[PDB]
Amino acid sequence: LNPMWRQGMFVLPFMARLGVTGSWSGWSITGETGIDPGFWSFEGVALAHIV
Amino acid sequence: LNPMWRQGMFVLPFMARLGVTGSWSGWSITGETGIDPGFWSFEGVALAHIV
Amino acid sequence: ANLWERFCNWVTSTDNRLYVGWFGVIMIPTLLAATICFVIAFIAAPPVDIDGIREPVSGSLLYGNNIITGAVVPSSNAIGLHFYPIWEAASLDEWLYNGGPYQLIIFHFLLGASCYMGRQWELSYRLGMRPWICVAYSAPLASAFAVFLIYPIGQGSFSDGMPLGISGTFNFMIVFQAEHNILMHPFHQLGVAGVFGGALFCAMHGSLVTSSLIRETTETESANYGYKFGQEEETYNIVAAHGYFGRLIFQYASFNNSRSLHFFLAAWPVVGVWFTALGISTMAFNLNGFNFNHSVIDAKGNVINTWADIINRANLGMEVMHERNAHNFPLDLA
Amino acid sequence: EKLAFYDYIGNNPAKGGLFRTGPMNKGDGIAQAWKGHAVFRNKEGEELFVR
Amino acid sequence: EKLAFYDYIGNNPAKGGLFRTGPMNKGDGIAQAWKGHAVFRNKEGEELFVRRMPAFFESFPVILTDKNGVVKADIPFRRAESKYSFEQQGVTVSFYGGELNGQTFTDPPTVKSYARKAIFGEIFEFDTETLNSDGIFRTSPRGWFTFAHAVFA
Amino acid sequence: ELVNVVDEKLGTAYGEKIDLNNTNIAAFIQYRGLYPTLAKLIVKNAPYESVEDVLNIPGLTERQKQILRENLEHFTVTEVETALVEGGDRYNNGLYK
Amino acid sequence: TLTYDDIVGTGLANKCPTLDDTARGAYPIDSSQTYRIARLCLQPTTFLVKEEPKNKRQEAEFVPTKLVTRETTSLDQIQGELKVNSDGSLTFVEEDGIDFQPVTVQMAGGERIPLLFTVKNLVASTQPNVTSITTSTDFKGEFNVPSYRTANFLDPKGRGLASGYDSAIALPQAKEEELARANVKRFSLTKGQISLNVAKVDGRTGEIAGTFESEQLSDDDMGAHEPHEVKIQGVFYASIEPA
Amino acid sequence: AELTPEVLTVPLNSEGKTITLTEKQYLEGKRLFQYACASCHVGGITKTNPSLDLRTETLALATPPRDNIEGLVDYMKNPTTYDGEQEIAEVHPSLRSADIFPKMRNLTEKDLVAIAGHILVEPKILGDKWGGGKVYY
Amino acid sequence: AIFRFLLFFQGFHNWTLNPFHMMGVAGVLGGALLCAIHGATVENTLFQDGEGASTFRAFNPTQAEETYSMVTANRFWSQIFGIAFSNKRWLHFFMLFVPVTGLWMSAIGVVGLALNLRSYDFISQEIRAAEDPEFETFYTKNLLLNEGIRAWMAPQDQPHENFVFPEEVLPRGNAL
Amino acid sequence: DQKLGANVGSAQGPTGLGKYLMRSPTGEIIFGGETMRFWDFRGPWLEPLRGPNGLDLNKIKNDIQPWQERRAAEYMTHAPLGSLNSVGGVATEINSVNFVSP
Ligand code: CLA
Ligand code: CLA
Ligand code: CLA
Ligand SMILES: CC(C)=CCC/C(C)=C/CC/C(C)=C/CC/C(C)=C/CC/C(C)=C/CC/C(C)=C/CC/C(C)=C/CC/C(C)=C/CC/C(C)=C/CC1=CC(=O)C(C)=C(C)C1=O
Ligand SMILES: CC(C)=CCC/C(C)=C/CC/C(C)=C/CC/C(C)=C/CC/C(C)=C\CC/C(C)=C/CC/C(C)=C/CC/C(C)=C/CC/C(C)=C/CC1=CC(=O)C(C)=C(C)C1=O
Ligand SMILES: CCCCCCCCCCCCCCCC(=O)OC[C@H](COP(=O)(O)OC[C@@H](O)CO)OC(=O)CCCCCCCCCCCCCCC
Ligand code: HEC
Ligand code: OEX
Ligand SMILES: [Cl-]
Ligand SMILES: [Cl-]
Ligand SMILES: [Fe+2]
């Protein structure tokens with residue numbers, strides 16, 4: 001009932017569309033638990049674009 | 001219990017000190033009723049300084 | 001030339017916009033690591049259990065701090081002097097909770113700053129200068145060592161190192177006064193003499209040179225355009241400056257020798273700061289400032305208070321309030 | 001509840017405004033729960049449907 | 001009520017802050033009424049007087065003395081060795097004049113809250129909702145004028 | 001209403017006498033002959049239904065019983081207060097000097 | 001036999017003793033002899049925290065967490081009496097030991113959950129007619145969970161229960177009603193449940209070992225917020241001795 | 001104010017008889033107290049057991065009473081718990097434990113009297129400061 | 001007495017939190033830094049104008065030539081620190097400007113404190129801390145220290161007030 | 001406190017950590033309070049109380065000797081803290097003890 005598109009998220013859906021679904025904080029946009037995304041989390045993608 | 005100095009008024013006290021005490025809206029800073037200040041109300045002083 | 005010969009020539013080249021040198025080969029990576037970790041932590045690190053009592057302190061901007069209150073929080077008192085690299089933690093979450101970023105940052109910074117001093121020597125050598133600018137730099141560097149490494153070593157914990165933040169610095173200072181009476185310690189008094197006098201002599205020298213500038217410009221132009229970079233002749237009249245200052249105090253209290261003058265300018269603050277660094281580094285081993293509490297007594301035996309006793313009351317307030325949940329026994333022995 | 005939530009005009013992208021800024025949540029609020037399907041009936045017991 | 005209001009530290013120009021901006025109202029609120037004079041008494045019926053906050057102090061303890069300056073009650077920090085607690089000493093507060101005229105309070109929480117206000121002098125009822133007042137004192141035009149013109153001088 | 005149980009306890013006899021069920025052991029130093037032997041026994045064998053029950057502590061000597069009788073007037077009992085008895089606080093409540 | 005020099009720094013000190021795979025036997029009970037547990041050790045290996053859906057419709061589940069306070073979690077050196085009851089069952093009554101540890105775990109999204117993992121005042125019982133202790137034996141019991149912080153603890157603004165301010169002194173003229181839950185400190189005392197399942201028994205020595213699952217509430221910050229439900233799973237060791 | 005004979009007069013036994021210490025006696029007592037006792041009893045408190053202090057009232061309520069010269073001398077020779085139930089020479093300095101507390105080895109009867117006199121006089125000079133701890137510094 | 005003044009300002013005014021004192025500190029420490037760095041740079045870019053190993057005798061006050069190499073000093077600091085002075089007149093004016101400006105800023109701050117017009121608190125942090133007993137920063141820690149200073153020093157430092165603070169009202173942490 | 005009757009193994013401190021005993025980051029049983037930082041200390045008066053897992057509760061309860069008690073008191077009261085003019089103790093201590101540690 002509070003998905004990303006209710007929260008004004010613009011770029012998050014684009015990362016999710018191509019396979020980025022987990023956070024370094026431990027959550028995933030599908031609500032699963034205990035899933036490790038490796039480096040290519042949302043945070044990792046942001047850091048890569050900054051560098 | 002709500003005098004000008006409780007309301008952050010900086011220039012109002014200076015107009016009051018030299019004899020400007022009434023408003024064109026009909027009130028006076030001493031709380032009196034039905035007193036007409038003529039042109040030299042607070043509003044009149046402000047207008048004069050602008051001109 | 002062989003590959004190694006070419007690489008050495010590049011490393012030691014005096015033509016690089018920023019000198020690298022062999023000290024720089026260590027300085028650059030370590031200072032970059034320290035800087036990147038500091039910036040990231042200051043912005044985003046979660047709260048850190050500095051005092052090891054499961055009471056995390058928030059230091060980062062995203063967790064409710066502003067520029068004045070933010071800080072990278074020292075590592076947990078539970079860690080003490082133990083080496084706590086990332087790979088010693090079970091996870092980054094644990095590392096952050098226990099304050100590993102502080103250790104990473106301060107260690108890389110201390111190593112990099114030591115190499116910065118060495119690099120000053122090395123470039124002076126490459127350029128054919130005299131070598132002692134690095135000696136001047138040793139004063140602030142010694143101070144950094146005192147507050148980030150020596151005091152923690154003496155007290156048994158990096159949790160007692162200076163926090164990497166403004167309000168954290170103030171906390172460090174206040175607790176230090178409570179526990180060591182640094183204000184009554186001669187080495188900190190020499191440090192105050194050093195820095196007050198450094199500022200005084202900075203103003204004096206600047207004002208005297210500025211007052212003795214030789215006329216080379218008109219009133220519509222900045223007097224600074226009267227000096228051309230690299231010109232052979234001096235731009236002010238030191239003889240006139242000496243006439244003025246010698247008459248301000250008396251002849252023999254004024255330098256007529258520019259070299260002696262600049263040596264004095266270097267020496268005063270540098271020695272003062274050396275001594276204040278030693279003050280911190282020796283109070284690290286609990287040799288504290290003078291204690292005159294109840295030194296003055298009357299004929300009967302009544303205590304006659306002095307300003308030192310007033311200081312003691314303030315120190316007591318600080319002592320009883322600091323780290324309010326961490327002490328279980330009557331004496332604060334470290 | 002997810003299907004029910006899709007069946008709600010507050011999630012229709014054609015209901016917004018050019019200067020109504022921010023996330024959808026800033027409007028109707030953060031959705032907390034489905035209240036259930038509402039069945040309307042008149043005094044005769046016949047089911048009625050809201051347009 | 002005007003005289004009572006003058007006898008209140010929230011109107012003291014030395015209680016403000018450099019970056020606490022705006023009118024005094026934005027702090028304690030818009031004053032609505034005098035609650036009346038609070039007279040504190042212990043279980044023995046002796047009148048007690050709350051020590052007033054000096055301007056120097058951002059915070060101040062609650063201490064009640066008799067007419068000779070002997071401490072008779074207080075709000076303790078450490079409880080385990082408390083001797084002067086309002087509970088132990090049976091402190092009550094009665095109001096004369098103002099909104100609470102003729103009312104007496106004996107519940108220790110209420111009595112303590114009134115003593116906490118009494119350190120500020122006379123006690124008033126404030127409207128804190130109109131301005132979203134935050135409850136932190138601010139200085140007056142007297143203070144701001146003095147600051148500006150000393151600095152400029 | 002939320003209440004501070006320690007402040008409330010100060011309004012009972014706990015605020016005027018030695019409460020055998022709650023008070024920290026150091027309080028027994030107020031009166032002759034109670035600290036540390038009898039104080040240790042009392043704290044260990046708490047709680048008590050009534051003050052006189054302190055005389056039933058097993059092993060009390062006749063002299064110890066006489067001391068307890070002489071000091072009964074300085075004792076009281078109230079319901080055990082978890083905040084005052086947990087953490088071993090009856091033996092060391094963090095107050096030294 | 002390992003010494004402190006052998007163990008220090010290795011993390012072995014936070015682990016309970018184990019029993020080899022051969023230890024599948026029985027430990028006879030006499031129904032007339034007295035018995036004590038001379039060492040009980042609980043080593044937790046998993047902390048789970050029950051989620052808060054925000055919609056009371058679904059059935060909330062326990063989710064895994066990340067331990068952030070390191071190898072400081074095991075209860076050990078616990079002792080107590082092991083009474084033989086009339087119906088043949090056994091009841092352990094804990095008397096003393098290192099029977100609590102503060103633990104902080106971290107949930108997905110970064111929320112930290114502190115709890116006082118404990119078996120204080122444990123009373124546990126077996127099934128009826130336990131004339132011998134075997135791999136089919138279990139203990140089910142209840143224990144007390146006191147406040148995570150004790151009465152002297154002061155919050156960052158100096159407020160506490162047995163000490164500290166009783167108001168928000170930084171907000172001298174703020175209205176106090178909304179601040180009551182933070183100003184008035186409360187000391188919680190709840191119950192927890194634990195189940196021990198024996199998986200190894202060394203009949204000759206009286207040692208037993210097995211698994212355990214406990215359920216209890218987490219820290220509530222002296223009443224400032226609601227606690228979370230926590231389930232702790234791990235292993236356990238115990239030494240039974242005639243007395 | 002002055003250190004007068006009235007100040008220096010203190011109880012001698014349990015029966016109310018008093019003695020007048022000399023100023024030299026009082027100074028020697030202060031010196032010996034610093035030498036042998038102040039590491040734990042600086043200012044009348046007890047560092048290793050703050051619940052017990054050297055205030056005259058506390059000594060008066062000790063068993064046997066210690067608020068007199070003879071009581072204090074006996075304590076220094078054979079110390080006991082506050083209720084007098086246990087002898088603690090094994091963990092408290094005393095003549096009978098001088099072998100394990102060497103600083104007591106050479107103390108004489110006059111030295112013990114001087115130390116006791118200092119303990120009794122100092123509260124008469126300093127008031128609450130004696131045994132008051134940091135609150136009264 | 002001056003030390004007591006410092007501690008009184010910390011305890012009652014939270015003077016360290018005041019941006020005008022902060023600018024004063026910057027001015028004083030930066031002035032000391034400039035003094036040291038300029039003295040050392042001159043002494044280590046001297047020209048060889050004599051044969052002595054003690055280089056002081058190689059300067060004559062009436063000489064017209066510069067005694068040290070501005071070009072070499074500029075190159076050194078450009079390569080070490082990234083920027084360097086290139087104009088001696090600007091350098092020495094800056095040496096005047098820094099400490100003087102810092103002291104003036106501190107004076108302005110003290111004029112403010114004359115009226116108790118302090119930088120004592122951050123209102124947002126106070127609101128958050130009042131509502132959330134798990135929120136703690138070095139700012140709130142220092143406020144606790146200030147409360148201790150005030151309570152423990154006022155009775156003797158302000159004797160005309162006749163303060164009597166019963167022991168039970170004094171703020172104190174655990175065990176100390 | 002143990003002599004007074006406290007169960008030191010189970011005494012919960014204000015923070016939730018053991019008042020007298022707790023665990024080091026690798027699990028060893030150690031003294032509580034600020035002295036948690038000094039759990040690497042080793043000394044002859046203390047080592048008799050240490051077992052494989054650290055400080056041993058049974059030994060603490062039963063085997064502490066008077067010489068150990070005396071030594072602990074002595075060292076606690078001769079900690080290396082003092083002023084430049086050799087006033088022993090913390091900075092807020094009053095004059096009386098003339099001591100600075102070698
Ligand atoms: C493709 C572009 C694009 C799109 C579709 C979005 C979409 C969104 N963003 Mg993002 N954003 C973008 C670019 C974009 N963003 C960029 C470039 C930035 C950096 C500035 C941001 C910064 C940003 C923030 C900080 C936030 C969003 C948020 C949002 C959401 C609400 C948007 C809103 O309220 O709009 C409102 C749109 C308008 C009011 C329209 C403005 C029309 C202009 C003023 C007209 C100008 C006319 C011109 C002057 C006339 C010329 C005259 C002629 C003579 C030449 C939405 C999901 C919000 C959110 O919910 O995030 C969680 C939020 O907080 N965005
Ligand atoms: C003599 C000057 C003076 C004085 C004493 C006052 C006094 C007052 N005004 Mg007025 N005001 C003035 C001038 C003045 N005003 C001017 C010129 C304007 C036009 C901008 C206003 C606009 C104005 C408004 C719009 C409002 C007030 C209000 C108020 C009240 C609250 C003031 C406050 O919160 O200050 C806060 C003061 C500060 C936070 C101090 C700022 C310190 C600066 C930033 C330091 C700068 C340092 C510098 C950059 C460093 C240099 C570096 C160096 C190297 C050179 C008070 C009665 C308020 C009120 O209650 O009205 C009903 C209100 O709403 N005033
Ligand atoms: C990093 C540490 C640090 C530093 C560098 C400073 C720096 C400064 N502080 Mg801050 N301070 C600090 C930490 C620090 N502070 C802390 C932690 C606190 C606790 C809150 C304070 C509390 C504090 C207070 C309370 C005050 C300062 C003040 C000052 C300024 C003093 C200026 C000066 O030289 O006056 C020295 C005095 C003068 C220049 C006056 C003229 C002196 C004449 C010319 C001397 C003539 C002498 C004569 C020839 C004969 C003398 C001989 C005699 C001795 C026999 C300066 C900006 C002061 C300030 O801001 O004032 C505006 C001030 O009042 N500080
Ligand atoms: C992620 C986040 C947000 C991180 C941020 C973290 C953080 C805490 C940031 C905040 C830090 C911050 C900057 C706060 C400080 C704010 C503060 C107090 C500002 C003061 C402002 C102010 C106006 C003060 C007034 C006093 C004043 C003017 C001070 C100026 C001080 C100053 C700049 C001094 C000079 C220092 C300096 C290093 C000079 C170098 C000069 C130099 C190149 C000399 C070399 C040299 C020497 C020679 O002799 C010759 C001959 C030559 C040729 C030559 O070259
Ligand atoms: C009403 C009545 C009776 C009035 C009549 C009064 C009257 C007319 C009296 C007649 C005179 C009289 C009798 C005398 C009074 C006697 C007397 C002692 C009274 C006043 C005494 C007193 C109160 C004051 C003495 C204190 C005093 C001011 C001394 C200060 C000394 C001091 C510490 C000076 C610092 C010296 C020092 C070396 C500083 C270095 C600064 C520095 C690095 C400068 C940099 C620098 C230096 C250069 O050198 C040049 C070149 C350049 C480039 C340059 O950068
Ligand atoms: C390996 C080391 C790598 C270095 C890393 C970064 C070095 C950064 C140095 C400063 C760059 C900016 C210089 C701008 C200004 C600039 O370009 O100055 C250049 C200027 C050159 O002066 P000249 O004598 O050439 O010019 C004077 C006349 O030409 C003007 O009329 O140098 C100075 O004035 C020196 C004194 C200013 C010294 C300022 C130091 C500031 C330190 C930083 C303080 C802020 C820290 C904030 C942290 C949040
Ligand atoms: C630390 C090693 C101590 C030294 C050195 C001295 N004393 Fe002490 N004292 C100490 C303790 C731990 C105690 C209490 C012990 C107990 O279980 O009761 C005491 C007690 C006393 C007392 C009795 C206090 C009272 O009854 O109120 C007295 C009179 C006393 N001590 C005197 C004394 C003297 C004369 C000392 C120097 C010769 C001395 N003490 C040293 C701890 C320590
Ligand atoms: O951690 Mn920071 O500060 Ca150095 O002294 Mn002890 O430990 Mn705590 O108490 Mn005081
Ligand atoms: Cl602190
Ligand atoms: Cl401690
Ligand atoms: Fe120069």
# chains A, B, ... in the order shown; residues from 1 in each chain; ligands from 1
$ residues_near_ligand --ligand "ligand 7" --cutoff "6 Å" --atoms "only C-alpha atoms and all ligand atoms" --output "JSON, numbers by chain"
{"H": [33, 36, 37, 39, 40, 46, 48, 49, 52, 53, 54, 58, 59, 62, 72, 76, 81, 82, 92, 93], "J": [73, 74]}
$ residues_near_ligand --ligand "ligand 11" --cutoff "8 Å" --atoms "only C-alpha atoms and all ligand atoms" --output "ChimeraX atom specification"
/C:205-206,209,258,262 /I:38-39,42,88,92
$ residues_near_ligand --ligand "ligand 10" --cutoff "7 Å" --atoms "only C-alpha atoms and all ligand atoms" --output "PyMOL selection string"
(chain C and resi 326-329+332) or (chain J and resi 33-35)
$ write_last_selection --atoms "C-alpha atoms" --output "mmCIF file, in the first residue's frame"
data_model
loop_
_atom_site.group_PDB
_atom_site.id
_atom_site.type_symbol
_atom_site.label_atom_id
_atom_site.label_comp_id
_atom_site.auth_asym_id
_atom_site.auth_seq_id
_atom_site.Cartn_x
_atom_site.Cartn_y
_atom_site.Cartn_z
ATOM 1 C CA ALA C 326 29.578 5.143 32.506
ATOM 2 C CA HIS C 327 30.982 5.131 36.057
ATOM 3 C CA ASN C 328 30.097 2.489 38.651
ATOM 4 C CA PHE C 329 32.769 3.175 41.298
ATOM 5 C CA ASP C 332 37.530 8.090 37.762
ATOM 6 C CA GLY J 33 32.515 -0.229 34.405
ATOM 7 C CA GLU J 34 34.925 2.003 32.546
ATOM 8 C CA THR J 35 37.711 -0.462 33.348
#
$ atom_distance --atom1 "CA of residue 15 (chain B)" --atom2 "CA of residue 29 (chain B)"
10.8 Å
$ atom_distance --atom1 "CA of residue 206 (chain G)" --atom2 "CA of residue 83 (chain G)"
15.4 Å
$ select_by_dssp --residues "chain B" --states "alpha helix (DSSP H)" --output "list in words"
residues 12, 13, 14, 15, 16, 17, 42, 43, 44, 45, 46, 47, 48, 49 and 50 of chain B
$ write_last_selection --atoms "N, CA and C atoms" --output "short mmCIF file (atom, residue, chain, number, x, y, z; two decimals), in the first residue's frame"
data_model
loop_
_atom_site.label_atom_id
_atom_site.label_comp_id
_atom_site.auth_asym_id
_atom_site.auth_seq_id
_atom_site.Cartn_x
_atom_site.Cartn_y
_atom_site.Cartn_z
N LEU B 12 7.31 50.97 16.37
CA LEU B 12 6.08 51.42 17.01
C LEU B 12 6.35 52.17 18.31
N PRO B 13 7.19 51.68 19.22
CA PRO B 13 7.46 52.45 20.44
C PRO B 13 8.03 53.83 20.16
N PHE B 14 8.79 54.01 19.08
CA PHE B 14 9.38 55.32 18.82
C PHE B 14 8.34 56.31 18.33
N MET B 15 7.39 55.86 17.51
CA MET B 15 6.27 56.73 17.18
C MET B 15 5.47 57.07 18.44
N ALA B 16 5.23 56.07 19.30
CA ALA B 16 4.44 56.32 20.51
C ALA B 16 5.14 57.29 21.46
N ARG B 17 6.47 57.24 21.54
CA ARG B 17 7.19 58.06 22.51
C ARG B 17 6.96 59.55 22.29
N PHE B 42 -0.31 56.14 13.00
CA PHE B 42 0.83 55.32 12.59
C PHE B 42 0.87 55.19 11.07
N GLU B 43 -0.29 54.93 10.45
CA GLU B 43 -0.35 54.81 9.00
C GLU B 43 0.07 56.11 8.33
N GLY B 44 -0.40 57.24 8.85
CA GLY B 44 -0.04 58.52 8.26
C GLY B 44 1.46 58.78 8.32
N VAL B 45 2.08 58.44 9.45
CA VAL B 45 3.53 58.60 9.57
C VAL B 45 4.25 57.73 8.54
N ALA B 46 3.81 56.47 8.40
CA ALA B 46 4.44 55.59 7.43
C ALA B 46 4.32 56.16 6.02
N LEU B 47 3.12 56.61 5.66
CA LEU B 47 2.90 57.18 4.33
C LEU B 47 3.78 58.40 4.10
N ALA B 48 3.89 59.28 5.11
CA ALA B 48 4.72 60.46 4.97
C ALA B 48 6.17 60.08 4.72
N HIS B 49 6.68 59.10 5.46
CA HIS B 49 8.07 58.70 5.24
C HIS B 49 8.25 58.10 3.84
N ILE B 50 7.27 57.35 3.34
CA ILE B 50 7.39 56.78 2.00
C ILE B 50 7.44 57.88 0.94
#
$ atom_distance --atom1 "atom 14 (C, counted along the ligand's line) of ligand 3" --atom2 "CA of residue 24 (chain I)"
8.3 Å
$ residues_near_ligand --ligand "ligand 1" --cutoff "8 Å" --atoms "only C-alpha atoms and all ligand atoms" --output "count of residues only"
12
$ closest_atom_pairs --of "chain E" --to "ligand 2" --cutoff "12 Å" --atoms "only C-alpha atoms and all ligand atoms" --output "Markdown table"
| residue | atom | partner | partner_atom_place_in_ligand_line | distance |
| --- | --- | --- | --- | --- |
| E:13 | CA | ligand 2 | 57 (C) | 11.4 |
| E:16 | CA | ligand 2 | 34 (O) | 10.0 |
| E:17 | CA | ligand 2 | 39 (C) | 8.7 |
| E:18 | CA | ligand 2 | 39 (C) | 5.7 |
| E:19 | CA | ligand 2 | 39 (C) | 4.3 |
| E:20 | CA | ligand 2 | 34 (O) | 6.3 |
| E:21 | CA | ligand 2 | 34 (O) | 3.2 |
| E:22 | CA | ligand 2 | 60 (O) | 4.0 |
| E:23 | CA | ligand 2 | 60 (O) | 4.2 |
| E:24 | CA | ligand 2 | 60 (O) | 7.9 |
| E:25 | CA | ligand 2 | 60 (O) | 8.9 |
| E:26 | CA | ligand 2 | 60 (O) | 8.7 |
| E:27 | CA | ligand 2 | 60 (O) | 11.4 |
| E:131 | CA | ligand 2 | 60 (O) | 11.7 |
| E:137 | CA | ligand 2 | 34 (O) | 11.9 |
| E:138 | CA | ligand 2 | 34 (O) | 8.5 |
| E:139 | CA | ligand 2 | 31 (C) | 8.3 |
| E:140 | CA | ligand 2 | 57 (C) | 6.3 |
| E:141 | CA | ligand 2 | 57 (C) | 4.3 |
| E:142 | CA | ligand 2 | 57 (C) | 8.0 |
| E:143 | CA | ligand 2 | 5 (C) | 7.8 |
| E:144 | CA | ligand 2 | 5 (C) | 4.4 |
| E:145 | CA | ligand 2 | 5 (C) | 3.9 |
| E:146 | CA | ligand 2 | 5 (C) | 7.2 |
| E:147 | CA | ligand 2 | 5 (C) | 7.0 |
| E:148 | CA | ligand 2 | 1 (C) | 5.2 |
| E:149 | CA | ligand 2 | 1 (C) | 6.5 |
| E:150 | CA | ligand 2 | 1 (C) | 10.0 |
| E:151 | CA | ligand 2 | 1 (C) | 9.9 |
| E:152 | CA | ligand 2 | 1 (C) | 8.8 |
| E:153 | CA | ligand 2 | 1 (C) | 11.4 |
